[PDB]
Structures are given as C-alpha cells and as structure tokens.
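When we count neighbours, we look across all protein chains shown, and the Cβ atoms used for this are built from the backbone with ideal geometry, even at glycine. Bear in mind that the values in this text are calculations on the coordinates, not laboratory data.
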Amino acid sequence: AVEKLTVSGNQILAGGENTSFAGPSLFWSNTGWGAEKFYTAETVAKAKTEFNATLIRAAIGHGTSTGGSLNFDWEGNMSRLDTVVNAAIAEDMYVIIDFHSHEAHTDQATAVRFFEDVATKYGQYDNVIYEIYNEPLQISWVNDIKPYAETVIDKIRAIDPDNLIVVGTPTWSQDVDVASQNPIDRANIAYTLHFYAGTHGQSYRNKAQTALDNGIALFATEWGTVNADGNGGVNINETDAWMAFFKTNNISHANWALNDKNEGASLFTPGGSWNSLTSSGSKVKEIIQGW
Amino acid sequence: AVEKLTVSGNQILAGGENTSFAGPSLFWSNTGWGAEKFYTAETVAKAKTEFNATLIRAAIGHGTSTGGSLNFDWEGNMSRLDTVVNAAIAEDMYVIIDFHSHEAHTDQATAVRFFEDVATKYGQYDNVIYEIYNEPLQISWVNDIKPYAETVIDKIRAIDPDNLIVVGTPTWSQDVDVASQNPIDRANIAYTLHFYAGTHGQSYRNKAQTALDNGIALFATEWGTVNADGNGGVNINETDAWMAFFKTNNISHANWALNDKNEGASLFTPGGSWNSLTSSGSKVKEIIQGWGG
Ligand SMILES: OC[C@H]1O[C@@H](O[C@H]2[C@H](O)[C@@H](O)[C@H](O)O[C@@H]2CO)[C@H](O)[C@@H](O)[C@@H]1O
C-alpha cells in the first residue's frame, strides 16, 4: 500500500509527513498516437524496476477536435487507463489519472462522465490522484477554470470523498501565481505546474515561488528536459535548477514522456525501450532514481 | 412462495432438489450514484415479466469513505432495500441482500448492525439470501474473511436460523479455490464467484472447478458480459462458456447491472429501461429468459 496524500498549507503530505515523489508521465493515450503500446502492466512495472519510480501518470487524451481522444474512442482510452491504474495499485505506486485536455471547461459533460467513472471504479485506492484539467490555455482562472473545478471536485466527492485533486492553471499550467490569488475552497486541492527546461527559466520558477508564498500546494504533473514543444536538446542547467526547486519544496513530479515518438521528450529512442534511452531519458532516469 | 435453499456437498438445493436461478443485480444503491431510481416495486415486477427473472440482487452500498453509502445515508439505502425486498416476496422471487462492500471486515460494527436489522425484518422469508461481503480485495481468506464471516453468520443465525448465506472470497471474489481449502463449519453456506466475460476465461472457471471439487457450493452473485473495465463489447462466446459451466453445475447467478449508466455493463441505454436495452442487456435477457424461470 501507499501512504494517503493530503494537503496542509502549501504542502502535500504522505501519511502525515513531508516528502515527495517522482515518476514518468505516459504520453497521450490517444488511439493512433503510438503510445498505446506503453499503457501496460509491463511498462508500469518497468518504471519501478528501471527508474525506481514511485508514481506514473496516465494522460488520457481529451478534445473534441483531437484525434483518437476520449471524444472518438472512449472504450480504447478508458481500457488503457484501467490497465495502468490496476498495475500501479499492484506495484504500490501512485497513479495520476489525467483528463489530458486543453478544453475541459467547454466539454464539461464529458469531463463529469470521465470523473464520475474513475471515482466509482478506482476511488477506494489511496494510490489514485485526480488531475481534472491538464492544461488550460490563456483563459480565466476565476471565471473559467475555478467554476469548472468546483463542479468536477464536487461530482467526484459525492462518490469518493477522500483524495488529492490537482487542478490545472492558466497558460498551459504556468500561472500558479494567478491561481494562488484566489484558491479553491475544498479540502486537499493542489495546483498544476508545468514547465519545459529548454524554454521556461527563472521567471517561471518565480511564479511558482509566488504561489507557494501565497499558501497553495503545487504538483508538477508534467515537465520536460527539452523545449516546450516536446523536442530539442536537454537543458541540464535549467532542469537541475527546477529539480532543486522541487526538492526543497516537496513538489512531486511526472516527466514527459514515457514514449518512443521521434521527439526529444521521449524517454526512448524510436522503436526503443528501457535499454535505449534518449538524452532526455538518461537524465530523467538519474533524477527519478535519485529522488 | 419459493423453495427453501440449503447446501449439501457442493450443491445448493431448492426444496431438496438440484436446480439454479438467474436474475439481474441492481447497481450500487448509493445516494447520488444514479441507480436509486431503480430500487422500486415496479422494477422487481418487471424483472420477472420481462426477463423471467427468479431472483434480484439489492446491492446496498457500504464504505466508510464511499460516498452515499450506508455510512453516509443509512435511512436512504435501507429504505431502497426495503422496497426491493418486499416486492421480491410479493412476486415470489428470491432476493439477494448484498452488503456491497470492498471493506466489510474493517467496518464490522456496520456489517453487524445491517445484518441484524435485515434478519429481524425479513428473516422469516425463504426468499431472503444473505450476501455478507460483496468483494474482498487482496486479503486473507483464513485470517481476514473467514473470521469476519463466522462473526456475521452467527449474528444473522441468532435471529434467522434458516437461510443461505453467501460469503465473498479473495481478489474480487475470484479465489473460491483458496476458500475451499478452509471452508466454514456452518450450515448452508455458499461462496461467491464473480467474473466478467471479456476478462476472465477458462483459468477462472478452473479455480471455480477446484472449489467445487473440494466440496464447496458457489453462487455467482455478480458477473458481466463485458470487459472488467466496465466498457467494451459483449464477449458472446466467453459468456456462453460461463453460462454452460453454471447450468451444468447448477450455479445461480445475478448479472451486473440493472442500471442506465453509459457503460457496457448497464442493461439499459442512458435514460432507458426495459424497452431500450444495450447489447449486454439483450444478451442477458436471452440468458435469463431461457434459464428456467
Ligand atoms: O504524434 C501524435 C500527435 O502528436 C502531436 O503533438 C504532441 C507532442 O508530440 C507531445 O509531445 C505534446 O505533449 O502534445 C502534442 C499535441 O498537442 C502532434 O501535434 C499531432 O499531429 C500528432 O498526431
């Protein structure tokens, strides 16, 4: 079993203690996107045996115009999620159930369906973390994200009252500072912080520091060692700066992405696996093993 | 009236004869979960006229941290159970009173309260079948489930001495083979077997075969035609394989679930009922209608 997660001030506690966890985020679960082969019990086990990962994020794709997402293949995506969640539980790892969307607030009925479903099927497990809105775009925290979050949090809690729920923030989950000015009034809520080392520097970390200073807990559910588009070279200086920042603030994180697509963010070289890591994968392996 | 259910060897006898019954299992009775609307006398009557169902399972939600369960709304869940039980008696159908939990052994005070109340109110009826622990998880049969079971069975039996009590087994009630190695020394006790056609096949039937061969009777109080992930299509051939295994061994069963949630296991389409069945609903209706009721 894993320790239950709760929020106290700007800290997420595990079994009542200050600590943090590191693991990989699976790539989009979308049918046709190539990462389906990774949504397996075998891969979840490998994340643990190879990197000593303590968590794994299931990025269940959502989007009314996003091919192969929940809007086009509910069954396939939900089946992949089920496989990963059950494996995570069996491996004593946390599983971040991510409604991987950039438009959750405009397709609310689908979001509610997704969350009532996951809360019903997996809510009893302390391993389960709900990530209700991956990456909101340049929208309003108070008027777009917050109302949607309150609605979804309440729908989830009518089924599963105990849990840590991580809420996306404006501008691809960078504006944790804006969210911190008007936090959500519900128990155990953390806020999403996303960054890509080759694009987001100190100024982005400053925004995260502001959020922590304002009293909200952060969870970096997705981050890359490369550029913001998921490609390019590994920026060690910025990656190390960000990891140091996370370590000294007990911020848990999931790296993008356990996949083999021909892009720098992939942990594996194209058609490769755990024995053929990319430059990003090699760095991520050390970070996770050393966490 | 319905025949008295007893256990002899690995067989459940009705009035002393070998036979089995089939019917639908209602979804979680929980307040706010959308299935409360199905816990009605009309639904029980319709399960009989539409599907020829001879039983109906009332899945009364339980969970200290399970929203809308008996722990949060005692009266609401109990009232729904009451409506279904009385209708079952009025329709000459068996009613499986299911303490729908994944944690009964860790909240025994609630389990005892629930069972003493139900045994006191409905124990006089032979229609009543007690299912004391829906689905134990990764726990011990000998160290966790069995002690819990003996305690609850004794609490029930002190009030209602005649009835069939079905006990959950490890790993979502799949480990009947494990339970068969150390059976409970109480009269008329059957053991729970749960499976989903799209996920569990011959290896799971083999575990059940091990249990039967070891001397214990089984009752498949919950089963689905689809994948265990609740979604997906109906696996016709595997469902038939399981139904043949049940028919030949006279194992009674309740299908999951008489509900309208948009998932493969629901018998009905969203906002639908008896005249608007899902692919699973059509298959389940076929099985129940031709079972023997
Ligand atoms: O290859 C599948 C799909 O990828 C899309 O880009 C991804 C990118 O690979 C991933 O790293 C990032 O996190 O998300 C984007 C999608 O927003 C690409 O845009 C699609 O054409 C392609 O089919």
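Summary table
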{"read-out": "Selection status of A:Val7, away from the ligand (no atom under 14 Å from the Cβ) and in a loop (DSSP other than H, G, I, E, B)", "value": "no"}
{"read-out": "Any hit, the stretch A:186-199, residues being closer than 25 Å to A:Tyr130 by Cβ, away from the ligand (no atom under 14 Å from the Cβ) and surrounded by fewer than 17 Cβ atoms within 10 Å (Cβ to Cβ)", "value": "yes"}
{"read-out": "Residues satisfying the stated conditions in the stretch A:85-101, i.e. among the hydrophobic types (A, V, I, L, M, F, W, C) and within 11 Å of another protein chain (Cβ to nearest Cβ)", "value": "A:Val85, A:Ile89, A:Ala90"}
{"read-out": "Check on B:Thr151, of a type outside the set (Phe, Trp, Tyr), surrounded by fewer than 17 Cβ atoms within 10 Å (Cβ to Cβ) and within 14 Å of another protein chain (Cβ to nearest Cβ)", "value": "no"}
{"read-out": "When residues of the stretch A:43-71 are limited to those that are away from chain B (no Cβ under 14 Å) and assigned to a strand (DSSP E or B), the one farthest from the ligand (Cβ to nearest atom)", "value": "A:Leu55"}
{"read-out": "Members of the stretch B:31-42 that are within 14 Å of chain A (Cβ to nearest Cβ) and closer than 17 Å to B:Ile96 by Cβ", "value": "B:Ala35"}
{"read-out": "Pick from the stretch A:268-283, criterion more than 12 Å from the ligand (Cβ to nearest atom) and part of a loop (DSSP other than H, G, I, E, B), ranking: farthest from A:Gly230 (Cα to Cα)", "value": "A:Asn275"}
{"read-out": "Filter pass, B:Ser79 being of a type outside the set (D, E, K, R), more than 19 Å from B:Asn163 (Cβ to Cβ) and assigned to a loop (DSSP other than H, G, I, E, B)", "value": "no"}
{"read-out": "Every pair of residues 6+ apart whose Cβ atoms lie under 7 Å, when the first sits in the stretch A:101-119 and is over 14 Å from B:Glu263 (Cβ atoms) while the second is assigned to a helix (DSSP H, G or I) and within 16 Å of the ligand (Cβ to nearest atom)", "value": "A:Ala111/A:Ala104"}
{"read-out": "Any hit, the stretch B:235-254, residues being over 19 Å from the mean Cα position of the chain (by Cα) and crowded, with 23+ Cβ neighbours inside 10 Å", "value": "no"}
{"read-out": "Qualifying residue in the stretch A:237-258 (condition: within 16 Å of the ligand (Cβ to nearest atom) and without any contact (Cβ under 8 Å) to a residue 60 or more places away in the chain)", "value": "no"}
{"read-out": "Counted residues, the stretch B:101-134 - those being in a loop (DSSP other than H, G, I, E, B) and β-branched (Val, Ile, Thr)", "value": "1"}
{"read-out": "Restricting the stretch A:114-148 to residues that are among the hydroxyl-bearing types (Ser, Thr, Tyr) and within 27 Å of A:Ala228 (Cα to Cα), the residue that is farthest from the other protein chains (Cβ to nearest Cβ)", "value": "A:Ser140"}
{"read-out": "Flag for A:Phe21 being touching a residue at least 12 places away in the same chain (Cβ under 8 Å), within 16 Å of the ligand (Cβ to nearest atom) and not basic (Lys, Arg)", "value": "no"}
